[PDB]
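J.: File name structure11.cif; file contents mmCIF, C-alpha atoms; full text below.
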```
data_target
#
loop_
_atom_site.label_atom_id
_atom_site.label_comp_id
_atom_site.auth_asym_id
_atom_site.auth_seq_id
_atom_site.Cartn_x
_atom_site.Cartn_y
_atom_site.Cartn_z
CA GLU A 2 94.56 118.98 113.60
CA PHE A 3 97.36 120.51 111.45
CA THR A 4 99.83 119.15 114.00
CA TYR A 5 102.47 116.60 112.86
CA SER A 6 101.50 114.58 115.84
CA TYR A 7 98.00 114.27 114.23
CA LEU A 8 99.28 114.06 110.60
CA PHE A 9 101.83 111.34 111.26
CA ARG A 10 99.67 109.14 113.51
CA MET A 11 96.97 109.18 110.82
CA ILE A 12 99.08 108.68 107.73
CA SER A 13 100.32 105.53 109.40
CA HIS A 14 96.96 104.53 110.88
CA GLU A 15 95.37 104.72 107.45
CA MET A 16 98.35 102.79 106.11
CA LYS A 17 98.21 100.06 108.80
CA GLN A 18 94.46 99.80 108.23
CA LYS A 19 94.75 99.25 104.44
CA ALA A 20 97.56 96.70 104.84
CA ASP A 21 95.77 94.59 107.47
CA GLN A 22 92.64 94.52 105.32
CA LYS A 23 94.66 93.14 102.43
CA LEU A 24 96.96 90.77 104.31
CA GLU A 25 93.98 89.00 105.84
CA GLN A 26 94.16 86.79 102.74
CA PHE A 27 97.72 85.66 103.54
CA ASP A 28 97.23 84.86 107.25
CA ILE A 29 100.00 87.21 108.27
CA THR A 30 99.98 90.37 110.35
CA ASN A 31 101.32 93.83 109.63
CA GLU A 32 104.54 93.27 111.61
CA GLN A 33 105.15 89.89 110.00
CA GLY A 34 104.58 91.36 106.56
CA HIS A 35 107.28 93.89 107.33
CA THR A 36 109.57 91.26 108.81
CA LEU A 37 109.29 88.96 105.79
CA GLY A 38 109.82 91.92 103.52
CA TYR A 39 112.97 92.95 105.35
CA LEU A 40 114.15 89.37 105.13
CA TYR A 41 113.32 89.30 101.42
CA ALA A 42 115.09 92.55 100.64
CA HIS A 43 118.10 92.99 102.79
CA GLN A 44 118.50 89.12 103.67
CA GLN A 45 121.83 88.24 102.12
CA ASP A 46 123.35 90.52 104.68
CA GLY A 47 123.27 87.88 107.37
CA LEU A 48 120.84 89.61 109.74
CA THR A 49 120.19 87.88 113.09
CA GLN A 50 117.33 87.99 115.50
CA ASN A 51 118.82 91.16 117.08
CA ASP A 52 119.07 92.90 113.75
CA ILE A 53 115.32 92.43 113.10
CA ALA A 54 114.64 93.71 116.63
CA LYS A 55 116.61 96.86 115.78
CA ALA A 56 114.84 97.21 112.41
CA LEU A 57 111.39 96.77 113.88
CA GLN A 58 112.01 98.72 117.05
CA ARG A 59 110.30 95.90 118.87
CA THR A 60 111.28 94.37 122.19
CA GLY A 61 113.31 91.17 121.97
CA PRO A 62 110.50 89.01 123.36
CA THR A 63 107.98 90.55 120.93
CA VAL A 64 110.16 89.91 117.88
CA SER A 65 111.14 86.52 119.32
CA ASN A 66 107.51 85.39 119.17
CA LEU A 67 107.01 86.96 115.79
CA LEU A 68 109.91 84.99 114.35
CA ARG A 69 108.80 81.92 116.18
CA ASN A 70 105.40 82.17 114.57
CA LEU A 71 106.78 82.46 111.04
CA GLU A 72 109.14 79.55 111.73
CA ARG A 73 106.18 77.45 112.84
CA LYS A 74 104.69 78.05 109.41
CA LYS A 75 108.15 77.18 108.05
CA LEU A 76 108.26 80.53 106.23
CA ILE A 77 111.73 81.27 107.56
CA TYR A 78 114.73 79.20 108.64
CA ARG A 79 117.67 79.61 111.05
CA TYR A 80 121.10 79.25 109.37
CA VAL A 81 124.63 79.77 110.52
CA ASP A 82 127.58 81.14 108.55
CA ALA A 83 130.39 78.55 108.20
CA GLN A 84 133.21 80.02 110.33
CA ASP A 85 131.10 82.40 112.41
CA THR A 86 128.97 80.06 114.46
CA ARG A 87 127.59 81.73 117.59
CA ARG A 88 125.65 84.01 115.27
CA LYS A 89 122.34 82.69 114.03
CA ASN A 90 121.20 84.11 110.71
CA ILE A 91 117.54 84.20 109.62
CA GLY A 92 116.41 83.50 106.06
CA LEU A 93 113.33 83.00 103.91
CA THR A 94 112.18 79.50 102.91
CA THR A 95 110.75 78.81 99.49
CA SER A 96 107.19 79.26 100.75
CA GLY A 97 108.01 82.54 102.53
CA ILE A 98 109.49 83.89 99.26
CA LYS A 99 106.28 83.05 97.42
CA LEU A 100 104.27 84.82 100.13
CA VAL A 101 106.35 87.95 100.05
CA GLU A 102 106.09 88.07 96.28
CA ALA A 103 102.35 87.84 96.62
CA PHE A 104 101.56 90.61 99.12
CA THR A 105 104.57 92.78 98.25
CA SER A 106 102.30 94.40 95.63
CA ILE A 107 100.12 95.71 98.45
CA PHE A 108 102.96 97.84 99.75
CA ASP A 109 104.28 98.85 96.32
CA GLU A 110 100.78 99.94 95.31
CA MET A 111 100.56 102.04 98.47
CA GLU A 112 104.06 103.42 98.09
CA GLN A 113 103.15 104.50 94.56
CA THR A 114 99.90 106.29 95.56
CA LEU A 115 102.12 108.17 97.99
CA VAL A 116 104.98 109.18 95.70
CA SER A 117 102.48 110.08 93.00
CA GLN A 118 101.29 113.18 94.89
CA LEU A 119 104.66 114.91 95.05
CA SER A 120 106.88 116.06 92.20
CA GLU A 121 110.01 114.22 91.10
CA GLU A 122 112.51 116.10 93.27
CA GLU A 123 109.71 116.89 95.74
CA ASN A 124 109.91 113.31 96.96
CA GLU A 125 113.59 113.38 97.41
CA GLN A 126 113.38 116.47 99.57
CA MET A 127 110.49 114.94 101.51
CA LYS A 128 112.26 111.66 102.37
CA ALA A 129 115.30 113.63 103.43
CA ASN A 130 113.12 115.51 105.91
CA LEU A 131 111.41 112.44 107.35
CA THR A 132 114.74 110.75 107.85
CA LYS A 133 115.81 113.91 109.72
CA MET A 134 112.62 114.03 111.80
CA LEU A 135 112.72 110.31 112.55
CA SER A 136 116.32 110.90 113.56
CA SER A 137 115.24 113.62 116.04
CA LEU A 138 112.97 111.16 117.82
CA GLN A 139 115.82 108.64 117.37
CA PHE B 3 113.99 104.66 102.84
CA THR B 4 110.43 103.79 101.79
CA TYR B 5 107.69 106.20 102.98
CA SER B 6 105.79 103.36 104.64
CA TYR B 7 108.87 102.59 106.74
CA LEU B 8 109.32 106.21 107.73
CA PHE B 9 105.65 106.86 108.52
CA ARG B 10 105.33 103.60 110.46
CA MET B 11 108.58 104.24 112.33
CA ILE B 12 108.01 107.91 113.14
CA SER B 13 104.58 107.00 114.54
CA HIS B 14 106.22 104.22 116.53
CA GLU B 15 108.73 106.43 118.22
CA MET B 16 105.91 108.76 119.04
CA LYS B 17 103.50 106.19 120.59
CA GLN B 18 106.33 104.64 122.56
CA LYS B 19 107.61 107.91 124.04
CA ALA B 20 103.97 108.89 124.81
CA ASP B 21 103.03 105.49 126.27
CA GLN B 22 105.95 105.67 128.68
CA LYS B 23 105.14 109.07 130.12
CA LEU B 24 101.34 108.65 130.14
CA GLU B 25 101.51 105.41 132.13
CA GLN B 26 101.55 107.59 135.26
CA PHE B 27 98.10 109.09 134.43
CA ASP B 28 96.22 105.82 133.92
CA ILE B 29 95.13 106.74 130.39
CA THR B 30 96.08 105.31 126.99
CA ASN B 31 97.72 107.00 124.05
CA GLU B 32 94.33 107.08 122.21
CA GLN B 33 92.52 108.63 125.16
CA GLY B 34 95.35 111.15 125.45
CA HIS B 35 94.84 112.25 121.86
CA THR B 36 91.09 112.46 122.42
CA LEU B 37 91.30 114.71 125.50
CA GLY B 38 93.73 116.77 123.50
CA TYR B 39 91.27 117.28 120.64
CA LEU B 40 88.49 118.07 123.13
CA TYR B 41 90.71 120.45 125.01
CA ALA B 42 92.07 122.00 121.85
CA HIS B 43 88.98 122.49 119.80
CA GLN B 44 86.63 123.03 123.06
CA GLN B 45 85.52 126.75 122.66
CA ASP B 46 83.62 125.13 119.82
CA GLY B 47 81.56 122.04 120.60
CA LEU B 48 82.82 118.56 119.74
CA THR B 49 80.42 115.65 118.93
CA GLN B 50 80.75 111.91 119.58
CA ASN B 51 80.93 111.51 115.79
CA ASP B 52 83.62 114.15 115.46
CA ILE B 53 85.77 112.09 117.80
CA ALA B 54 84.98 108.96 115.83
CA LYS B 55 86.07 110.68 112.61
CA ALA B 56 89.10 112.09 114.37
CA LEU B 57 90.70 108.82 115.44
CA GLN B 58 89.25 107.33 113.20
CA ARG B 59 88.42 104.41 115.43
CA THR B 60 85.54 102.08 114.78
CA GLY B 61 82.02 103.09 115.95
CA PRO B 62 81.61 100.86 119.03
CA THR B 63 85.22 101.57 120.05
CA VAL B 64 84.84 105.35 120.31
CA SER B 65 81.70 105.01 122.43
CA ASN B 66 83.65 102.50 124.52
CA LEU B 67 86.64 104.86 124.89
CA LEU B 68 84.37 107.72 125.89
CA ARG B 69 82.46 105.66 128.42
CA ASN B 70 85.81 104.90 130.08
CA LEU B 71 86.85 108.58 130.22
CA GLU B 72 83.49 109.57 131.57
CA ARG B 73 83.73 106.79 134.21
CA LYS B 74 87.08 108.40 135.04
CA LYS B 75 85.11 111.68 135.44
CA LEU B 76 87.30 113.50 132.87
CA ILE B 77 84.40 114.31 130.46
CA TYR B 78 80.67 114.86 130.35
CA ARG B 79 78.39 113.86 127.54
CA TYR B 80 74.96 115.28 126.71
CA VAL B 81 72.41 115.26 123.90
CA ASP B 82 72.11 118.24 121.56
CA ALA B 83 68.83 120.12 121.86
CA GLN B 84 68.26 120.85 118.19
CA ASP B 85 69.36 117.47 116.83
CA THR B 86 68.44 114.44 118.97
CA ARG B 87 70.88 112.28 117.07
CA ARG B 88 74.28 113.80 117.92
CA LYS B 89 75.51 114.09 121.45
CA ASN B 90 77.93 116.56 122.85
CA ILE B 91 81.20 116.01 124.64
CA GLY B 92 82.72 118.22 127.20
CA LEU B 93 85.78 118.37 129.37
CA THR B 94 85.24 118.49 133.10
CA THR B 95 87.48 120.74 135.18
CA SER B 96 89.19 117.50 136.27
CA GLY B 97 89.62 116.76 132.56
CA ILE B 98 91.01 120.19 131.78
CA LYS B 99 93.63 119.98 134.52
CA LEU B 100 94.61 116.48 133.40
CA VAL B 101 95.24 117.60 129.80
CA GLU B 102 97.20 120.63 131.04
CA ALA B 103 99.29 118.13 133.02
CA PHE B 104 100.17 115.81 130.16
CA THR B 105 100.25 118.22 127.20
CA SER B 106 103.89 118.91 127.99
CA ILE B 107 104.78 115.40 126.77
CA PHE B 108 103.22 115.86 123.33
CA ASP B 109 104.44 119.46 122.93
CA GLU B 110 108.04 118.73 123.75
CA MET B 111 107.75 116.13 120.97
CA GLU B 112 105.76 118.13 118.39
CA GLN B 113 108.33 120.91 118.81
CA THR B 114 111.55 118.95 118.37
CA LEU B 115 109.93 117.96 115.10
CA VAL B 116 109.19 121.44 113.74
CA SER B 117 112.71 122.28 115.02
CA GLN B 118 114.19 120.03 112.31
CA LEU B 119 112.90 121.91 109.30
CA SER B 120 113.54 125.61 108.66
CA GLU B 121 110.32 127.61 109.02
CA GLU B 122 109.76 127.75 105.24
CA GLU B 123 110.25 123.99 104.91
CA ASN B 124 107.77 123.36 107.75
CA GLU B 125 104.78 124.93 106.08
CA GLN B 126 105.65 123.10 102.82
CA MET B 127 105.82 119.86 104.81
CA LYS B 128 102.45 120.13 106.55
CA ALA B 129 101.01 120.82 103.14
CA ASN B 130 102.54 117.74 101.48
CA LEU B 131 101.70 115.64 104.50
CA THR B 132 98.02 116.65 104.30
CA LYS B 133 98.02 115.87 100.58
CA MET B 134 99.33 112.37 101.28
CA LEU B 135 96.89 111.69 104.10
CA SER B 136 94.11 112.68 101.70
CA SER B 137 95.02 109.88 99.25
CA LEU B 138 95.17 107.00 101.76
CA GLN B 139 91.70 107.88 103.05
#
```
Please lay out the structure from this file as C-alpha cells.
T.:
Amino acid sequence: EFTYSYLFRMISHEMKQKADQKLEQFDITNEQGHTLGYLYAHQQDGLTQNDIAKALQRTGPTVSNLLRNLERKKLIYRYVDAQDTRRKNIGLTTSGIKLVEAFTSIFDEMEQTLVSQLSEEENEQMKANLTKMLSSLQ
Amino acid sequence: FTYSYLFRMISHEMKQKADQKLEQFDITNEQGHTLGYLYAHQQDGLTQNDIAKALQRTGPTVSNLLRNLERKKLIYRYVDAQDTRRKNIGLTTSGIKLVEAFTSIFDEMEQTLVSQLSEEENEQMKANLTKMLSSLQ
C-alpha cells in the first residue's frame, strides 16, 4: 500500500480516469490526446511515425492505427521535407489544432493541481527523481 | 518533463514488464496486484469492497475479477457472520504458492526503484507521492 508499485499505478490510474471522463466530449481517447499534444508541442521538429512510437512506447501497429484514426478525421496530415523524401513527417491540421487547444486545458488543470502540492524547488527535485526512476525501468 | 508524462510512462514500463512475465501464469496484471494485496494484508481480513477500493475498479468489474480467480481456485470467498453485507476474501494454499511464485517479478522492480533515491530521499518521495495521489482522488 505504501509501495511505489501501488502509488505509481494509482496516480496514473486516477489521472487516466479523469482525462477519459473529460475527453469524452471531444471524441478522442487518452492516447490520441497525448499524440495530438505531442504533435502540437514538439511538431516543428519533423517527427515521423517512428518518433511517436518511441514517445508513446507503443508498438508500431498500435500507433499506426492510432495515427490512421486521427488522419481519418483529418486531424493530422502526412508531409515530407523538401530534400529528405523517404521520411514522412506528421503534422496537425487546422481542425486538430483547434481540438488540442480545447482539451489542452484538461491536462494543464491537472498538471497544476499536481504541482500545487509541492513547494517551488520541491517540484524540481521531484521531477528529477521521476526522470531517474523512469530511467531505471528504461 | 510534465508529471502526467512521467506518471503515465513509469506506470507503462511497469505494466509492460509485468505483463510479459505474468503471461506464463495465466493471470492479468490486475489480478496479480489483487492477489498481492490479499497475500500482503492477509493476517488481517480483506473484504470484496476493500479490493474494489484498492484498484479502484468499477463495482461489477471487481466481482467479475474475483469470480475468475475463484474459478481458478486461487481464492475463497465467504460472507461475514456479523455483517451480512460484506463478504470475505481469502487466499487458498494454491493462491499463496502462486503469489510466492510471481512476487519476484514485482519485487525486483519495486527495488530497482527505491535503489535510485538515497534512503532519505525515498521516504520524502513516498510522502510527496501520497500527497499527490490524495489530490487526484
J.: Identify which of the residues A:106, A:70, A:18, A:63 lies closest to chain B, counting only C-alpha atoms when measuring atom-to-atom distances.
T.: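 Of A:106, A:70, A:18, A:63, the one nearest chain B is A:18, counting only C-alpha atoms.
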J.: Suppose you want the space between atom CA of residue 66 of chain B and atom CA of residue 88 of chain B; what is it in Å?
T.: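 Distance between the two atoms: 16.1 Å.
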J.: Using only C-alpha atoms, select each residue of chain A with any atom at most 6 Å away from an atom of chain B, and give the selection as a list in words.
T.: residues 10, 12, 13, 134 and 135 of chain A
J.: Report, in Å with one decimal, the straight-line distance from atom CA of residue 91 of chain B to atom CA of residue 17 of chain A.
T.: 28.2 Å
J.: Could you list, as number ranges by chain, every residue matched by the PyMOL selection byres ((chain B and resi 41) around 10) in this structure?
T.: B: 35-40, 42-46, 48, 92-94, 97-99, 101-102
J.: Segment 69-78 of chain B, all listed atoms, 5 Å padding on each side: what axis-aligned box centre and edge lengths in Å to one decimal come out, as JSON?
T.:
```
{"center_x": 84.0, "center_y": 109.9, "center_z": 131.9, "size_x": 16.6, "size_y": 20.0, "size_z": 17.0}
```
J.: For atom CA of residue 53 of chain A and atom CA of residue 36 of chain A, determine how far apart the two atoms are, in Å to one decimal place.
T.: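 These two atoms are separated by 7.3 Å.
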J.: Name the closest residue to residue 69 of chain A among the candidates A:91, A:107, A:48, A:138; distances are taken between atoms, counting all atoms listed in the file.
T.: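 With all atoms listed in the file as the atom set, the closest residue is A:91.
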J.: My list of candidates is B:90, B:32, B:22, B:47. Which is closest to residue 63 of chain B when distances are computed with only C-alpha atoms?
T.: B:32
J.: Excluding residue 67 of chain A and residues on its chain fewer than 4 positions from it, collect all residues at most 8 Å away from it, counting only C-alpha atoms, and give them as a ChimeraX atom specification.
T.: /A:32-33,63,71
J.: Of the candidates A:27, A:78, A:3, A:9, which one gets nearest to residue 40 of chain A if we count all atoms listed in the file?
T.: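 Checking each of A:27, A:78, A:3, A:9 against residue 40 of chain A, counting all atoms listed in the file, the winner is A:78.
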J.: Of the residues A:51, A:118, A:130, A:4, which is the one nearest to residue 120 of chain B, using all atoms listed in the file?
T.: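 Once distances to residue 120 of chain B are computed over all atoms listed in the file, the minimum belongs to A:130.
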J.: Determine, counting all atoms listed in the file, which protein, DNA and RNA residues have an atom within 9 Å of an atom of residue 107 of chain B; residues of the same chain fewer than 6 positions away are not included. Present the result as an MDAnalysis selection string.
T.: chainID B and resid 19:20 23:24
J.: Applied to the shown file, which residues does the PyMOL selection byres ((chain A and resi 83-89) around 12) return, written as a VMD selection string?
T.: chain A and resid 47 to 52 78 to 82 90 to 92
J.: Looking at B:68, B:121, B:34, B:54, which one is nearest to residue 106 of chain B, with distances taken over all atoms listed in the file?
T.: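 Looking only at the distances to residue 106 of chain B, the closest residue turns out to be B:34.
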J.: Do you know which residues are at most 9 Å from residue 24 of chain A counting only C-alpha atoms, after dropping those on the same chain fewer than 4 positions away, and could you put them as a list in words?
T.: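 Neighbouring residues, sequence-local ones excluded: residues 19, 20, 28, 29, 30, 31, 34, 104 and 107 of chain A.
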J.: Once the PyMOL selection byres ((chain A and resi 101) around 8) has been applied to the shown file, what residues remain in the selection, as a list in words?
T.: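 Selection result, ordered by chain and number: residues 34, 37, 38, 41, 97, 98, 99, 100, 102, 103, 104 and 105 of chain A.
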